[PDB]
Every structure is written in C-alpha cells, then in structure tokens.
C-alpha cells in the first residue's frame, strides 16, 4: 500500500541521513516510523504556515531520533529538503544532530536533553487550554488543537518527566496525547538493567488514560484507533504504549548497537531490498508517497482557510476580543501597557524587591492578558495570583478554571522551567513566569539553558537572592547562581536595587521576544534610591551617582547598591570621592553602545565591584571585586552581612585599598581589551 511505502520511505531517509553523516541514531527512527506516519496523518498543520495558531503540535522528546522528524518535515514539504537531509549533522546545516526551534522549520521546541520535550508538550497543552478558555465562544472554536508527543525510555527515567506527568494528570489535560516507544533498550543495554518499574501503573497513578498497541511495528490501524480513543477522553492526558522493535528491519534490530550508531552498509542494502527499494540508491522519495502526503496537506490548508474565515466572523461578533487576539498573533503588546508600571521616588518607603515584584504583577496582569505564570516550591505569602484572577485548574476540581492565570506547579522547579518553555512555544505572545527561590532555579538548569538556546521569553521570579534571606542558611543562600546563569549565553539576569529598577526589569522581561529573564529579588527591605529611574535602569547599567573628580567608582547590583551609596559617605570622611554605578542587568548593559558603556565605566579611574555572591564575571566591569566566594550561614541577615564585612565601613576599607593599589598606575576601563 502507499502507507507501507511511506513508512519504508521514512525509515530509509532516516537511515540514509545517518549514513551520510556517519553519525547519529538510526534505531528509534526505524522503530517509530509507523507511529510517525499514523500521527502526522491525523495532525492538522500547514507546512507553508508553521505559525498557524490552531495547528496540532508535535514534539519529538526522544530528540536523538531527529532523523525521523526531519524525514517527516521533508516529506510534507516544510522548508527543508532532501539536500538538507544529506547535510545531517554537518556544520551550518538546517539538520543539526538534535532539533533546534530557532533553526528548523516545524521544530516546536529544542529537544535532545532527555525529559525536556514531554514537559514542553505539557506546557503547549496547558497554553492551549488557557487560550481556548480565554477566546472560544459558542460557534467559535478558535482553539481546539492537540499536542502529540513521542518519548522514549530515557525520558521516562528522568525526574523532570515524572514532575510534568504528575502535574498534567492533575490538570486533566485531555488534549495531550503522548506515545511511549516501548522498545526495551536504552544506551546501557536492556531496560532490565535499571528500569523495571511498571510504567503503565505509574501513569495510571497520575490520572492518565492508557492505550496499549501491542504491535506498533506494523499496526498503524491500531495506532490511529488509539488516537481516536484518546480524543474521546477529554479529562485525562493519554499515554499510548507503542511496543516496537528498536531498529526494526535491521540485521541488528532489537539491540543497543542500533540505538546510537550508523548501520553497516550491507545492512542498509538488505533493508532496501526487503522493502522494494533500490539498494544502490540513497534518499529515495517515491512520487506516490509525495502525492499521498500532499493530499493531506491540501486538506489541512482548507481547514486553515476555514479557520481564517471563522476568525474574521469572530472579530465581527466579538470586536474587542477579536482585536486582542489579532494583536497577540501579530506579536504586539497592548499600546502603552508600560504606563501601568509603578514608579517610585526617594521619598517612598523601603520595600523588598520580592514585594515590589508582587506589586508590578498586580498592576500589569490586568492590563496584559497574555501574561500567565505560577510558582513552585514557594509559600503563597512569597508569591500568589494577582488580585482579580483565579488559578488555572480544570473546573471539575472547583479550585480554578482553564481561563485562570496562576499555575500551581507544586514542588516541581525543573518541570516548571520546561513547561514555561512549552507555554512560550505555543505562541500567541504568551509572556509567562515561574516563581521559586533563586537557589532552586538551579534544580531547573536543564530547562533554563534550553530557554536560552531556544530564544524563549520566559521569566523566573527568583526571590530570596542571597545571604539576605537569613535564617534558612547556606543550603538556601545563592553564591554561584548568578555567575552560572550570566555565563550562559542569552540570559538576562536582573538584580534590581529598588522600585524603579524592578519596574525596568519587568519592562525588559515582558517586552522580550528572544531572551529569557531571571529576576533576582530580595527577602529584605531596600531603600528607594536617589537617581534611579525606569529610563536609566532600562539601559542595564547606569551612573547612579556621578562624581567628576572620582578617586574610585563602585559598581554594584541589587541590595549592594544602597550599601555602596552608604560607603560613599564613609569614604567622603576619609577624603575619598566615589561615584556609584548600578548594574541591574549585565546582558542588557553589554548590548548598549560602546560609547554608552564607556560613559558608565570610563578610563582613568579604579573600579570596585560589590555584590554578595561569586566574583566570577565581575572583572568585565571592574578592576577589583568584593564578593562572597564561600558558603553562607544560618542567622539573622544583618548579622551575616556584618560577619562578611558587607557594611559601609567594610566596603569603604576595600575602596580605600583599591585607590592605594592604583596610585601611580595608569588605569583603563575594564571594558577595554586586546581583541
């Protein structure tokens, strides 16, 4: 049949791509080709409009199997060709060794690191439910799409997938349909060596529906029927167990050796012969397969055309909601939304930046409907929903509704990070956030790094940023955390000092389209600074206190800016004139013009950094660094600051030493370099 020919075509494209690279993973593509064929036949998508908001989404969580994804995209006429397949895993190609959403048309997310894609799928499905609840009306099914995820044994061992699966079951996400490649093989060999749990029993315990397909090597009718069954279960995510043979058809089928290395040339020849292909030919695409796939694309394009007309009729009946939806699909925030950002003066009271952040959210959430977010491993007293909103929950629970805006992630930081990526990936201008303690953003490093690589505008609301949290002690107090994330490409790491800086941090986070944000916020109260503003803080770094005859400039962030200002007064008494620079986001500052940056950190003056965390990175901006490069302590916060000499007198002493160290030396800006 043409279906059988299509499956062979998929298999052989994947095998041939791996062969050309002499690198990559042919086993899972061979095993999953029947399922991929069956699922893509059920999916609604337009290869010529990858951003259609009512498309079904597909996520290949076992991302090493991506020769499979690329083969599907090529066969369906996405902006990816057989010539691109021939360049699989080759420098600069459109077919990298793991799929990248920035580089690959039809790759919704960046997968490869195990466990991530299934969580991303949870987030896409969460967003779809929230979006549909927000926009759908009687006779106007604006959003009714499904989220299809392929996953492997490795994904099921990673804790992040357990977290997301528990939460997805709780959230009754009936438009999520996941497929487990039950092939009994991982990298180390048999799953009998380390993975003997009853996976199906576990998924039932989370509240998922199960369908089992006992012969997924051939039974595409049963795979299609499993999809139909899953669609009837509207209040549970579904796991479809696909019992497959890894490397199906290969001489080495059913072995670990086919998981992650190219097949032997003679093996590829017999594959081709047994499936009716020419063993002397590579990258064959039978025209009958193309025709069959083009028929499904044509049908999907007519569905999209009808959706466009539905949307036009929606705008006529619901003008305000229609305009809102149009604006979001255009990628634009509401006009002048930022007028809602709170502004402070030095006459206002001291406030913790965690509380300032709460206040910002309270003001902007009602004005910007595409903001949703939540928290994990965090008291409601440290972050909760904006007044006038409700939690995102299935209505059946009585605890919220899918129209809700605040997600109760539970104690699941890593999955929260990966789910945020999926919400961003959904599109429709979603600007989503996740709260936890800064120190436990580290639990989610796998996902955070992927936010950066994937260019997703997600936001971490990361409170209790330092020893300033006090009594919980060194297990909770960040030291290395900002250095870690600042060292990662494409992460804005805001550490605002006061009310105006906190508003600038949110302006950046919400306006972002390609850069994830981490907002490092305090437990303890900080003063409103003389010289701060949203305008100046928006530059990432700025001159807070200008001193034309400066003996030294102190550059600081967050809680240490006020400390620097107090140190300036001590230094004046010692006959030393200091300027102060506030550097709320190093990435934003780095992106400013060279002349702007040099106006902030000029030549001819020693510069001392102060931040109660690792000194790593700080030499970009300073000659000497006062930081904390040891673990913290359990006690009242002001006593810990005194212990480590983060006091006005301690800063002044180090500033005076810095001035002395550079007497008679020529000093140029830390921004200067040799290359």
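Positions refer to the first chain, counted from 1. The term rigid core refers to the most C-alpha atoms you can superpose between the two forms while keeping them within 1.5 Å.
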message: Aligning on the core, I want to see which stretch wanders more in 6 other deposited structures of this protein. Is it 379 to 387 or 301 to 309 by C-alpha RMS?
response: 379 to 387
- line: Per-stretch CA RMS vs shown form in 6 other deposited structures of this protein, rigid core as reference, larger of 310 to 318/369 to 377 is 369 to 377
message: Please compare 654 to 662 with 6 to 14 and name the stretch with the higher mean C-alpha B-factor in the deposited structure.
response: 654 to 662
- prompt: On average, which has the higher Cα B-factor in the deposited entry, 91 to 99 or 461 to 469?
  reply: 91 to 99
- prompt: Of the choices 586, 147, 255, 559, which one's C-alpha carries the largest B-factor in the record?
  reply: 255
- prompt: Which is it among 477, 221, 205, 429: the one with the largest CA B-factor in the entry?
  reply: 221
query: Where does residue 56 sit by CA temperature factor within its chain: lowest, middle or highest third?
result: lowest
- line: On the chain's distribution of Cα B-factors, residue 398 falls within the third called middle
message: Sorting by Cα B-factor within the chain, modelled residues only, which third would residue 408 end up in: lowest, middle or highest?
response: lowest
statement: Entry-reported C-alpha B-factor of residue 633 relative to its chain, by third, is middle
- request: Just say lowest, middle or highest third for the CA B-factor of residue 140 relative to the other modelled residues in its chain.
  value: middle
